[PDB]
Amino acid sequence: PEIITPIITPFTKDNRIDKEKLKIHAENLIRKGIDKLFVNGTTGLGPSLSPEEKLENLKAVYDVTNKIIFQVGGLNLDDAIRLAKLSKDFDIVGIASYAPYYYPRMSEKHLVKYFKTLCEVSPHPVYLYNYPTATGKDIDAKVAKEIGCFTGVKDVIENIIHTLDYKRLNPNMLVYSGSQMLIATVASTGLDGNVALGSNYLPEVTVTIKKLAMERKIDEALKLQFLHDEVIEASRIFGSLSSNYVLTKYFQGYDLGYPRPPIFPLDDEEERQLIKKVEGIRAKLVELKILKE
């Protein structure tokens, strides 16, 4: 079982990638036990990044670790192809792409052709990044099998039979769940792990839940699962993608800069209110020894 972090992209106030803050974040994540870093995903604002910014994120994180899955997708296939080819110089786990977003009513033929083109040029294993609520399209287990060239899939959806279908129809595929419910997906249900949004700011929890689950300490893991869930709930008050910056700095102790508008940073009063909502949770996790004070 593996935990994969869809890593946040920190931006400066000039709205450029803060390479040094991203280096520090990646270091802390690997040191806290995260298995792999997924770069240019939804949580890292991948669609908000130009192709060159996506590449910059790869380089920054690669200085720290090879354990990278490099998201390269977009609405210009030639750009996605170019990023796939540029990745040949990086000894990483894989590249990935979401399905073409925005456009409604795209044919399965065209969607399949998009992914097969990336497979044909990829110097690395190719991962499906399946996120129907964001992209408007579902590349399900059957379509993945038609595509035939994925080494793995990240199924960002709460429909757990949907995720298990990839394993059933593609037995050699690595299958990761993007469900908020780590306890039921990380271990012991036929999947290879979880892509965990909350691991950016509380990697100790996600990793500890993983261990507890494999040791059969379900009651103990559920308690942390619930704390994790209460943080997620709180992150939605002002917007999860923006709140992830405030929460990471609060729980981990280092700044991550700003998101990219229109993912607007929380202002000082919203940050204050959000910290107030999660301060009791942090005290509990300290009392439990998952976080050092």
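Just count from 1 along the sequence shown to find any residue number.
Which wins on mean Cα temperature factor, 150 to 158 or 178 to 186?
The deposited B-factors put 178 to 186 ahead on the C-alpha mean.
Could you check the entry and say whether 55 to 63 or 264 to 272 has the higher mean CA B-factor?
According to the entry, 264 to 272 carries the higher average C-alpha B-factor.
Going by the deposited entry, which of 116, 168, 142, 85 has the highest CA temperature factor?
Highest C-alpha B-factor among the listed options: 85.
Highest Cα temperature factor in the entry, among the options 215, 78, 192, 120: which one is it?
Comparing C-alpha B-factors across 215, 78, 192, 120, the maximum falls on 215.
Please rank the C-alpha B-factors of the chain's modelled residues and tell me whether residue 110 sits in the lowest, middle or highest third.
Ranked within chain, residue 110 CA B lands in the lowest tercile.
Please say which third, lowest, middle or highest, residue 242 falls into when its CA temperature factor is compared across its chain.
Lowest third - that is where residue 242 ends up once the chain's C-alpha B-factors are sorted.
Residue 69 - Cα temperature factor, lowest/middle/highest third of chain
Answer is lowest: the recorded C-alpha B-factor places it there.
Comparing residue 17 with the other modelled residues of its chain, is its CA B-factor in the lowest, middle or highest third?
Lowest third of the chain for residue 17's C-alpha B-factor.
C-alpha B factor of residue 277, ranked within the chain: lowest, middle or highest third?
Middle third, going by the recorded CA B-factors of the chain.
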